[PDB]
Amino acid sequence: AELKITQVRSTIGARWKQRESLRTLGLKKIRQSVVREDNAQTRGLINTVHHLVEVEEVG
Amino acid sequence: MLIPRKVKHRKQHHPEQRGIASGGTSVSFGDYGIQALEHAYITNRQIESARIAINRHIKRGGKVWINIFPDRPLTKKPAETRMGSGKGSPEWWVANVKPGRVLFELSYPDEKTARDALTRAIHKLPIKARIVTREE
Amino acid sequence: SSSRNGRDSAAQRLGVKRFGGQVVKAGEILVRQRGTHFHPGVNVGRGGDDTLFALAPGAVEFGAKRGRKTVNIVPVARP
Amino acid sequence: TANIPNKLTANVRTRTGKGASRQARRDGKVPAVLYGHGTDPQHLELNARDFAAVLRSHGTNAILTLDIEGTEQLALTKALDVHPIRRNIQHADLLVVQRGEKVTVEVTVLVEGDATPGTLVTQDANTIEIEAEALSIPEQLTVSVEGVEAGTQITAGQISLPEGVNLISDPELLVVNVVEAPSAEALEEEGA
Amino acid sequence: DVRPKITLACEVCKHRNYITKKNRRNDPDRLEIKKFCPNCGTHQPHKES
Amino acid sequence: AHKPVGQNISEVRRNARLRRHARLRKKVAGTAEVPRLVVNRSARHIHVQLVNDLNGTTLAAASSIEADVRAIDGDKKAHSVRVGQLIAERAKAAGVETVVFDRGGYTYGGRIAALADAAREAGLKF
RNA sequence: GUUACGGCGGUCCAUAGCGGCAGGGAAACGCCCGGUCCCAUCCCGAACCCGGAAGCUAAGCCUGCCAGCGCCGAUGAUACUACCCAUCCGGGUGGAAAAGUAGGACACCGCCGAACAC
RNA sequence: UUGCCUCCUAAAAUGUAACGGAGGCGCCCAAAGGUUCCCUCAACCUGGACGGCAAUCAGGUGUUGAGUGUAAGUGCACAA
RNA sequence: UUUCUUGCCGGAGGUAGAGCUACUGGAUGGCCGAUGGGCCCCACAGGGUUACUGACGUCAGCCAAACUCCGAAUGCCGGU
Ligand SMILES: [Mg+2]
Ligand SMILES: [Mg+2]
Ligand SMILES: [Mg+2]
Ligand SMILES: [Mg+2]
Ligand SMILES: [Mg+2]
Ligand SMILES: [Mg+2]
Ligand SMILES: [Mg+2]
Ligand SMILES: [Mg+2]
Ligand SMILES: [Mg+2]
Ligand SMILES: [Mg+2]
Ligand SMILES: [Mg+2]
Ligand SMILES: [Mg+2]
Ligand SMILES: [Mg+2]
Ligand SMILES: [Mg+2]
Ligand SMILES: [Mg+2]
Ligand SMILES: [Mg+2]
Ligand SMILES: [Mg+2]
Ligand SMILES: [Mg+2]
Ligand SMILES: [Mg+2]
Ligand SMILES: [Mg+2]
Ligand SMILES: [Mg+2]
Ligand SMILES: [Mg+2]
Ligand SMILES: [Mg+2]
Ligand SMILES: [Mg+2]
Ligand SMILES: [Mg+2]
Ligand SMILES: [Mg+2]
Ligand SMILES: [Mg+2]
Ligand SMILES: [Mg+2]
Ligand SMILES: [Mg+2]
Ligand SMILES: [Mg+2]
Ligand SMILES: [Mg+2]
Ligand SMILES: [Mg+2]
Ligand SMILES: [Zn+2]
């Protein structure tokens with residue numbers, strides 16, 4: 001199991017751990033997406049920025 | 001008037017006036033009571049007026065329990081003065097009331113007269129309250 | 001028209017200086033305090049103003065010993 | 001005097017929490033927990049409407065027959081967490097019980113009848129603790145006032161206690177005190 | 001002053017080694033105590049100056 | 001039945017002795033290389049243990065209830081010196097010559113001093 | 001190895017405490033007897049210190065049982081909260097008490113020595 | 001009012017402003033410093049000529065509510 | 001890469017909340033009942049009667065920036 005994360009909101013007005021979680025996820029602009037494994041580190045890293053992104057599993 | 005005989009500190013901060021009354025939310029002394037619904041500062045002026053209202057209405061025999069005490073002082077700096085020069089001198093007394101706290105409680109034989117005296121008291125308070133009975 | 005108060009002293013920056021599992025040198029002071037809120041533990045000494053310091057290199061770790069919060073230095077193994 | 005247990009339905013809470021409890025409370029259901037010597041704290045949603053109805057009919061202290069997914073259990077209401085304002089029952093506690101089992105409980109005491117007119121009757125302790133069987137629990141017991149003499153106290157030790165039930169409170173706990181009705185020149189003299 | 005500054009000098013070499021305080025109301029006489037003299041090399045009596 | 005009301009001298013002696021022992025213990029302790037020589041004393045016998053407080057174990061021990069010590073017709077000081085030499089020999093066998101003296105909450109002197117000086121001359125440096 | 005044993009310890013030092021009832025004196029632990037000697041009382045051989053074994057389980061000590069007081073204490077709910085929604089109201093996802101209840105508990109672990117078949 | 005010390009504000013690390021809320025300091029002690037050893041208070045009940053709740057004596061209950069030169073805070077009965 | 005983020009691990013707190021028979025203060029109503037109040041027989045002995053005031057205590061409900069038997073979430077220090 002693993003996920004695809006797409007950024008929908010932007011980082012203007014966003015607190016700093018949110019922007020850094022986005023940068024750590026490897027995505028920079030809106031509508032940009034990344035695909036990555038479904039461990040606990042990723043689950044927490046997207047838990048921080050759930051309001052800025054949307055995720056869906058593959059398969 | 002209800003005034004504490006002494007307070008350890010006579011100039012406190014304004015009581016935090018948020019949340020729901022956790023302690024003191026049940027009718028225990030008498031059978032009918034007035035139970036609050038809004039946050040406020042019930043001064044001893046309000047309490048005295050409400051108690052006299054209840055006593056005037058029932059006027060015969062029955063027990064009125066003021067189970068809130070005004071013991072928190074609100075200060076007021078003298079008029080016509082600018083800002084600064086320190087905090088003022090305390091000159092009225094307050095009970096901090098949350099939504100949920102039974103304020104006045106009454107014991108009296110009949111029903112309608114008791115209810116009417118309780119609403120006569122309610123009209124003297126700066127809040128919305130409701131009459132609550134000794135049973136669930 | 002005047003306040004009869006308005007004086008205070010400097011903050012003395014008291015408190016725990018090294019927390020649990022933290023490697024220290026021998027001699028590092030570990031917690032500054034007034035009374036004895038933390039009592040000296042194993043291989044930990046106490047200074048004149050009740051400042052706890054480490055009498056040996058190791059890792060800081062707290063404990064309770066007969067209802068007394070204590071601070072101890074644990075010898076880490078030499079690599 | 002056996003009291004017939006009341007028959008509710010319940011079903012195991014799938015997942016726990018404040019969100020789950022709020023949702024269940026929103027669907028007209030009461031979250032509750034079974035415990036006792038059944039040694040299994042079991043988390044049960046039950047019908048809010050039926051719970052309130054049976055609490056109306058048989059007070060706070062009444063045996064229930066819970067149907068947990070077909071299994072049949074006897075329960076007794078231990079505590080009810082109720083909102084101070086909205087007055088809805090939020091949570092319930094259910095000891096597991098069986099026949100011939102003494103249990104400690106608190107029973108409301110409602111003064112009955114009229115008193116002598118020159119004085120008012122006033123209760124200090126509305127609830128009295130009793131030891132009694134699961135089925136034989138009285139939902140309420142009465143205390144006699146019929147033209148008392150001048151002001152006197154009443155304690156739990158002189159109440160007509162039911163059969164098969166035992167007082168737990170120390171007998172010298174006052175329940176109802178007749179106190180002389182305040183005169184015209186006595187009623188407004190206290191409170192300031 | 002009532003607690004003035006005083007000096008202590010070794011008797012056997014007359015060198016002033018220490019300065020301290022004492023109460024004149026309570027210790028009217030010269031204070032003398034066995035202190036350490038760096039050049040005498042040992043502990044010697046020291047008397048108020 | 002005859003219920004006694006007072007406190008007995010046994011209680012005060014025992015717990016005051018324990019308090020003195022603990023006050024002492026705030027400042028001495030035993031390692032493997034410099035163990036602790038703890039002493040008990042009663043109206044009949046004197047006891048010694050050689051303790052490594054890192055473990056709560058005992059390395060050597062002696063008392064005045066052994067065969068030879070009860071074989072002495074002498075005085076309580078004689079029993080004390082015998083116990084001292086025996087415990088010194090047992091410590092030396094165990095591989096130790098340095099120790100700290102835990103006098104056990106009794107005042108240093110009398111038979112405890114005799115024991116301690118017997119151990120001192122016998123080879124244990126303390 | 002057995003012990004209705006004696007010491008020295010440990011435990012986020014009461015789940016170990018207080019109290020109550022019922023037992024024990026092998027060696028031990030005590031009390032007990034005396035002040036010749038070391039040593040001692042801001043007076044007192046009461047304490048401490050030194051010598052002794054006439055009497056004792058009445059205590060101290062230890063053993064067994066009681067939950068009366070003190071102690072410990074969930075599950076669930078609730079309070080509060082981080083972040084996020086949300087035009088005041090309020091809600092969602094994570095964390096989650098205090099009090100109370102069910103109950104628990106009359107401690108457990110270690111190393112030496114004593115007597116005992118050895 | 002202006003330097004120093006202690007507390008609360010101060011939002012459980014540290015730090016944090018106002019003519020915010022309360023107080024202290026400008027010393028004292030040749031012992032009230034060092035070490036060695038010993039002890040446990042305050043309060044309460046009971047029994048005692050002055051002597052009264054109260055002064056010193058005796059018995060008991062009493063784990064900290066007393067005391068710690070000196071403000072306050074943190075400590076200290078293992079005792080400081 | 002020492003920076004920063006996320007997961008896990010090792011920590012120290014006294015805030016929100018709560019509690020108060022756990023302290024310091026405030027504070028509601030009961031209950032018993034003093035000591036001290038008055039009176040009788042008649043002494044200012046002694047005894048009891050009485051709106052007595054009603055110490056202490058106790059039952060139930062409460063309150064606090066400078067209260068705390070308790071007590072989070074976050075943040076903070078370190079490691080990984
Ligand atoms: Mg606040
Ligand atoms: Mg309430
Ligand atoms: Mg509260
Ligand atoms: Mg109104
Ligand atoms: Mg400060
Ligand atoms: Mg010092
Ligand atoms: Mg200094
Ligand atoms: Mg002098
Ligand atoms: Mg006696
Ligand atoms: Mg206990
Ligand atoms: Mg025997
Ligand atoms: Mg003698
Ligand atoms: Mg016995
Ligand atoms: Mg014994
Ligand atoms: Mg407890
Ligand atoms: Mg929980
Ligand atoms: Mg809106
Ligand atoms: Mg609890
Ligand atoms: Mg801070
Ligand atoms: Mg902070
Ligand atoms: Mg600033
Ligand atoms: Mg000044
Ligand atoms: Mg001193
Ligand atoms: Mg000295
Ligand atoms: Mg005494
Ligand atoms: Mg990390
Ligand atoms: Mg952690
Ligand atoms: Mg912690
Ligand atoms: Mg604080
Ligand atoms: Mg609060
Ligand atoms: Mg106060
Ligand atoms: Mg607070
Ligand atoms: Zn010289």
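Exactly which trypsin sites (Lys or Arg not before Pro) in the range B:60-125 are in a DSSP loop and have at most 15 other Cβ atoms within 10 Å? Walk me through the numbers on the way to the answer.
On the way: sites: B:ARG60, B:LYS63, B:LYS76, B:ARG82, B:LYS87, B:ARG101, B:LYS112, B:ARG115, B:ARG120, B:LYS124; in loops: B:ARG60, B:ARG82, B:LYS87, B:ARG101, B:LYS124.
Answer in residue order: B:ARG60, B:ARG82, B:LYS87.
Remark: mean inter-chain Cβ contacts per residue of D:120-128 equal 3, using a 10 Å Cβ-Cβ cutoff to other protein chain atoms.
In µm²/s, what is D for chain C at 10 °C and 1.306 mPa s, where D = kT/(6 pi eta Rh) by Stokes-Einstein and Rh is the Kirkwood radius from Cα pairs?
Numbers: Rh = 13.8 Å.
So the translational diffusion coefficient is about 115 µm²/s.
For chain F, the relative contact order works out to 27 percent when only alpha carbon pairs closer than 8 Å and six or more residues apart are counted.
Taken over the Cα atoms of chain A, the convex hull encloses 66 Å³ per residue.
Inter-chain neighbour count for D:109-116: the average number of beta-carbon atoms from partner chains within 10 Å of each residue's beta-carbon is 1. For chain D, evaluate the Debye formula with one uniform point scatterer on each Cα (no solvent term) and list log10 I(q)/I(0) at q = 0.11, 0.17, 0.19 Å⁻¹, rounded to two decimals. Relative scattering, expressed as log10 I(q)/I(0), comes to -0.63, -1.08, -1.23.
Going by C-beta contacts inside 10 Å, put F:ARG20, B:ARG51 in order with the fewest on the left. Each step should come with its number before you reach the end.
Values: F:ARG20 15, B:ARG51 21.
Ascending number of Cβ neighbours within 10 Å: F:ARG20, B:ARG51.
Note on E:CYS40, E:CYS10: ascending count of other Cβ atoms within 10 Å places them as E:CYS40, E:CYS10, the fewest first.
For the listed residue pairs B:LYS6/B:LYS76; B:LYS128/D:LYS18; C:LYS17/F:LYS27; F:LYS27/F:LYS125; B:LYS98/B:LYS124, the alpha carbons are over 23 angstrom apart in B:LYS128/D:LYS18; C:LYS17/F:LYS27.
Chain B: D in µm²/s via Stokes-Einstein (Kirkwood Rh, Cα pairs, 20 °C, 1.002 mPa s)?
Working: Rh = 16.0 Å.
Taking Rh from Cα pairs, D becomes 134 µm²/s.
Using the crude model of +1 on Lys and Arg Cβ and -1 on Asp and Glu Cβ, and no other charge, please compute the dipole size for chain A relative to its Cα centre, in debye to 20.
Numbers: 11 positive and 7 negative charges, 94 e Å.
Here the size comes out at about 460 debye.
Of interest is the spacing of the C-alpha centroids, which for the range D:52-110 and the range F:24-59 amounts to 62 Å. Using the Karplus relation 6.51 cos²θ - 1.76 cosθ + 1.60 with θ = phi - 60°, the per-residue 3J(HN,Hα) values for the range D:125-131 come to 10, 7, 10, 10, 7, 9, 9 Hz, with x marking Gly and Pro.
Would you please put D:85-97, D:156-168 in order of how densely packed they are, using the mean number of other Cβ atoms within 10 angstrom per residue and starting with the highest? Numbers along the way, then the final one.
Values: D:85-97: 16.4, D:156-168: 14.5.
Taking the mean over residues of other Cβ atoms within 10 Å, the ranking is D:85-97, D:156-168.
Under a 5 Å amide H to amide H cut-off, with H placed in plane at 1.01 Å, what residues pair with B:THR25 once short-range neighbours are removed? Amide H neighbours of B:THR25: B:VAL102.
Overall form of chain E: prolate. Here a/c, set by the Cα gyration tensor axes a ≥ b ≥ c, is 1.5 or more, and a/b is the larger of a/b and b/c. Going Cα to Cα from B:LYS77, which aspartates and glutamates come in below 18 Å? Please leave out same-chain ones fewer than 8 positions away. Qualifying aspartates and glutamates at Cα under 18 Å: B:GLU91. For the protein assembly as shown, build the charge dipole from Cβ charges (+1 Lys, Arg; -1 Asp, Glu) around the Cα centre, then report which of C:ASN5, E:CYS13, B:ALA117 sits farthest towards its positive end. The listed residue farthest towards the positive side: E:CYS13. According to the calculation over all Cα-Cα pairs in the range F:27-126, the P(r) per 5 Å bin from zero is 3, 15, 27, 26, 18, 9, 2, 0 %.
Over the protein assembly as shown, DSSP H runs of length four or greater, each weighted -39,500 (n - 2.57), average out per residue to a 222 nm ellipticity of -5500 deg cm²/dmol.
Please give the direction-averaged projected area of the C-alpha convex hull for the protein assembly as shown, in square nanometres with one decimal. Mind dumping the intermediate values first?
On the way: hull surface 244.1 nm².
Orientation-averaged projected area of the Cα hull: 61.0 nm².
What is the magnitude of the charge dipole of the protein assembly as shown about its Cα centre, with +1 placed on the Cβ of each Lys and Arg, -1 on the Cβ of each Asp and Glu, and no other charges, expressed in debye to the nearest 20? Mind dumping the intermediate values first?
Working: 101 positive and 71 negative charges, 1151 e Å.
In total the dipole reaches around 5520 debye.
A 30 angstrom limit on the alpha carbon distance is what I want to check against. Which of C:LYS25/E:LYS5; F:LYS3/F:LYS77; D:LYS7/D:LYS102; C:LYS25/E:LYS21; C:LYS25/C:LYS69 exceed it? Checking Cα-Cα distances, C:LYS25/E:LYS5; F:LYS3/F:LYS77; C:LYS25/E:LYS21 exceed 30 Å. For B:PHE29, E:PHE36, the sequence from fewest to most other C-beta atoms within 10 Å is E:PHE36, B:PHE29. Please give the residues of the range E:8-32, grouped as numeric ranges, whose backbone N is less than 15 Å from a label point set 7 Å along the Cα-to-Cβ vector of E:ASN39. Within reach of a label on E:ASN39: E:9-18.
Work out the charge dipole of chain F with +1 on the Cβ of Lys and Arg and -1 on the Cβ of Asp and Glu about the Cα centre, then indicate which of F:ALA67, F:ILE46, F:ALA88 is farthest towards its positive end. Of the candidates, F:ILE46 comes out farthest on the positive side. Placing unit charges on the Cβ atoms only, positive for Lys and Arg and negative for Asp and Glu, gives chain D a dipole magnitude near 1700 debye about its Cα centre. Residue by residue along B:82-95, Cβ atoms of other protein chains within 10 Å of the local Cβ number 1 on average.
Cβ coordinates were reconstructed from backbone atoms using ideal geometry, including for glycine residues, and neighbour counts include every protein chain displayed. Any read-out appearing in this document is the output of simple, stated calculations on the displayed coordinates, not a laboratory observation.
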